[PDB]
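In the block that follows, a single chain appears as structure tokens, in the form deposited in one PDB entry.
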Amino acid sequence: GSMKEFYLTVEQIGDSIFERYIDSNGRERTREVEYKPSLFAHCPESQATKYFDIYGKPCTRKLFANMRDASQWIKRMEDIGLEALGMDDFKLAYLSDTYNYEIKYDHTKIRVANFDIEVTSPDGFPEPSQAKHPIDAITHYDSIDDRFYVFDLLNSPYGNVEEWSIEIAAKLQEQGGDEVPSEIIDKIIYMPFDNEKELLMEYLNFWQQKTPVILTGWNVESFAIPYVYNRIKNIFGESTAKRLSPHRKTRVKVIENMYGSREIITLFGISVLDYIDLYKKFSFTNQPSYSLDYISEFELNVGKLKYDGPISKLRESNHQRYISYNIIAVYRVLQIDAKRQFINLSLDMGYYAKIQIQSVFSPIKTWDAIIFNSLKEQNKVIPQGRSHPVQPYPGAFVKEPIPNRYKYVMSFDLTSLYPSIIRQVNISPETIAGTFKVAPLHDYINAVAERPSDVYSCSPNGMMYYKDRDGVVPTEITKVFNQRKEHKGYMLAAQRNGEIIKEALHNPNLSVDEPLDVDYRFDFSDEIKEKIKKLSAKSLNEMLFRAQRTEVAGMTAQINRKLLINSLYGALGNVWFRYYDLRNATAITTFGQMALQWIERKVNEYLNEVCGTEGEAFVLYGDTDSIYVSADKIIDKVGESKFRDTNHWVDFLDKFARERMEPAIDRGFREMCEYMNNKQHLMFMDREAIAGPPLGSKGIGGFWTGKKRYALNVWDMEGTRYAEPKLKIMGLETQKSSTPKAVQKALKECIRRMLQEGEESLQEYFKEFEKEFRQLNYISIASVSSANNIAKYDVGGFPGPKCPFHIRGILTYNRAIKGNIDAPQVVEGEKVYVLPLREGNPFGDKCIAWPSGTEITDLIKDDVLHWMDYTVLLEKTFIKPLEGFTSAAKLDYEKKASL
């Protein structure tokens, strides 16, 4: 045929590679291949051939008859103390050999399955490890069929019920409907069942015919998959359960972390990407709850499906709603992926690197595969992975700021610093050239230490690198970095475009039209800008949605390519990385420290010079690769009173940054490259934030409380001129998932008023929030914490020594729900709401905690509401942080007592 072939899944099972793939005729195929791998040994110079290790030292290829021999050869070589070289993960070698080209994949041919089960349980949480309760609903969406297959148990030990009606389902809540979105109604294939055996046999047969390649859902890896597997195992036997693998192989793998161990089913020939796990790695959020209800609301702004009574009883109560719920749960994940596009990101990284798609969770595995593939094309031979001891190594510099208001601020930030350092210095395992005598870092920062080398590219940690060779790490990181730049470009264009539409919405023309057909990844032409100011509110609001969805797509693509390249840096400091080397890891961080503090000096020198001052500190702060510059003296040299409005002084500072500061900064960094004799100048420092108060207001513009704790009123970020000023808040309690939701909102308004409006406005809102606090929903004002090691501090159900406050809260909960089976149980390693309790409370302790994202069981709710300590809660979560902000910013959130 005329289609390029690409793998779907791959496994090693003994001496066979089992591959699912799409063939030249674009059909799904499977094949068992007795892969003949090759490894490599350091040979003498005379025996030379086309194969050299990364240091250029020659190797002979050793072809093996099968894979189990190769692995044995490695163990034997490890006894002799001789290095066994090459790709020891044979299915990477196979993927590499079979697909010796850039893979173009067609996602319309990749079966992506999306499923959720319901298990009615009278006696608490149905543990998937023993699946002792009937499965009474499955919904399974298939991306090739674009259908929702619904499987519905009518008869179970916990009730006989009637068929679900798609007719009822479609309707609105009011006329007994379930509000199943109408755009999936014609995509639902319903199948009822008299017994569970029939339901399960039907789903397995169905699974044989529509075998997922990508399997996803919410908590599918930890609940649904193990629960279905063991439910089928317990009824029919193990052999029948293993039909969930198209190669009939499963492992009951033990996943370990620092607080215990859990069980997961590996289905060989399937790629499980649990969406909860994609969300945690790729979303760059930290959420107080990871329930689908909660993530659905945050991402889609779509509310919970309400239901009366406990989940354990919904089926008897309203099976019609039970089944609709199951169906929408599946849809929710598809909605979330449409927005975030984590499946597309996964496929993209998994095919770029030639790895199993689930290996996108592991940057070590992704990069091992990329660097392997890269070295193999040059007939070069990767090192044996070695054992190394974990030990600390130093990281970034963070300047101690003077706690203060800062009125006018411009920030600058190095482009992809650590990847840029890797490229600039030529930092690679095989580019190490030697070392030099290390002066103190201060001496390099101030340029009074002797030039390290006239021959080699240097870091100030004393490492020297060849300028005449290209390192594999520089080469391969450059490629991913360029992708990241391309996608960031699209993101910022989408961002700029959004503000134009936002601006056009202020004066919406009352007309009837349609959205304009544009690509949001590129700055609107003057022409399109003209046609936008003649649109209706309806048409503009649809275009704003399309822009923001384009920005989110850019954000996912760019920030996760940045994670991958930053994770190659990190991989250098991870003992399990093939190319682990603390000299190279600390070459990067130590260079970074010099670069930041070097450019701090250079910017101070330059601004003293423009402002006719001496030894003034203009750089008030920086962290890792950022500087924050006080612009007060720049504004004052013009005279604040000559500016027409805010956008006038913003324009001026924008021009000053670009035309005066950027050239000075590049001069500074070119001199630093020369001092270190680096391969390429790549220390590029873009203007980010222009921040200050609205002109003529008593806003303070910004404050720092200390390291990693500040707020700026931002008018322009990285060339995006905002319709309305945006708060950039880093580190403060507004940004922390542990801070109660209502208090996040309260503190942010406190900050907005401080920066924008000033002390009197702040003092006005403080009084306001104090008044409405005790009438706020109890969940909205509860603290959140992760609960680790509940058992370490559980001493016959009471706090042991050094018991953390949130753990105390959980022990208090556990005591109060003892011998109530249907009470919701706190899960080790998950998150809890926390409330303090007034002295004299019935729970016998000073706080209580319950599972985050839930109402507290009705058994105890009323007593909790009655004994909530509102005074301590307000003091701890609101007033204490606010006192931190206001002491920093040198104003008051209240006037003290006056008779």
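All residue numbers refer to positions in the sequence shown, first residue = 1. Note that the rigid core is defined as the largest set of C-alphas that superpose within 1.5 Å between two forms.
S.K.: One third of the other compared structures is the cut-off here: is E499 left unmodelled in that many or more?
M.R.: Yes; at least one third of the other entries leave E499 out.
S.K.: Quick one: is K531 left out in at least a third of the other entries we compared?
M.R.: Result for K531: often missing, at least a third of the compared entries.
S.K.: Taking only the CA atoms, which stretch has the higher mean B-factor in the record, 512 to 520 or 608 to 616?
M.R.: According to the PDB entry, the answer is 512 to 520.
S.K.: If you average the CA temperature factors as listed in the entry, which stretch comes out higher, 698 to 706 or 134 to 142?
M.R.: The recorded data point to 134 to 142.
S.K.: Per the coordinate record, which of the options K399, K339, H442, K75 holds the highest CA temperature factor?
M.R.: It is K75.
S.K.: Out of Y307, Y580, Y675, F805, whose C-alpha atom has the biggest B factor in the entry?
M.R.: Answer, based on the entry's C-alpha B-factors: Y307.
S.K.: Grab the CA temperature factor for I13 from the record and place it in the lowest, middle or highest third of its chain.
M.R.: Highest third of the chain for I13's C-alpha B-factor.
S.K.: Could you say whether, by C-alpha temperature factor, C750 belongs to the lowest, middle or highest third of its chain?
M.R.: For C750, whose C-alpha B-factor we compare with every modelled residue in the chain, the answer is the lowest third.
S.K.: Where does the C-alpha B-factor of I255 rank in its chain, lowest, middle or highest third?
M.R.: It falls in the top third of the chain.
S.K.: Lowest, middle or highest third of the chain for the C-alpha temperature factor of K50?
M.R.: CA B-factor rank for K50: highest third.
S.K.: With respect to C-alpha B-factor, does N566 fall in the lowest, middle or highest third of the chain as deposited?
M.R.: Its C-alpha B-factor belongs to the middle third of this chain's values.
What comes next is about the form deposited in another entry, which is not displayed.
S.K.: If you fit the rigid core between the shown form and the other one, which of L596, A782, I117, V150 ends up with a C-alpha shift of 2 Å or more?
M.R.: C-alpha shift of at least 2 Å: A782.
S.K.: Once you line up the core, how about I54: does its CA shift reach 2 Å between the shown form and the other one?
M.R.: It does not reach a 2 Å shift.
S.K.: Taking the rigid core as reference, does the Cα of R423 move 2 Å or more between the shown form and the other one?
M.R.: Where the cores coincide, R423 shows only a C-alpha shift between the shown form and the other one that is less than 2 Å.
S.K.: At a 2 Å cut-off on C-alpha positions, does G434 qualify as shifted between the shown form and the other one after fitting the rigid core?
M.R.: No; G434 is a residue whose C-alpha shifts by less than 2 Å between the shown form and the other one when the cores are overlaid.
S.K.: By 3 Å or more, the Cα spacing of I559 and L653 differs in that other deposited form; is it closer or farther than in this view?
M.R.: Note: Cα gap between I559 and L653 widens in that other deposited form.
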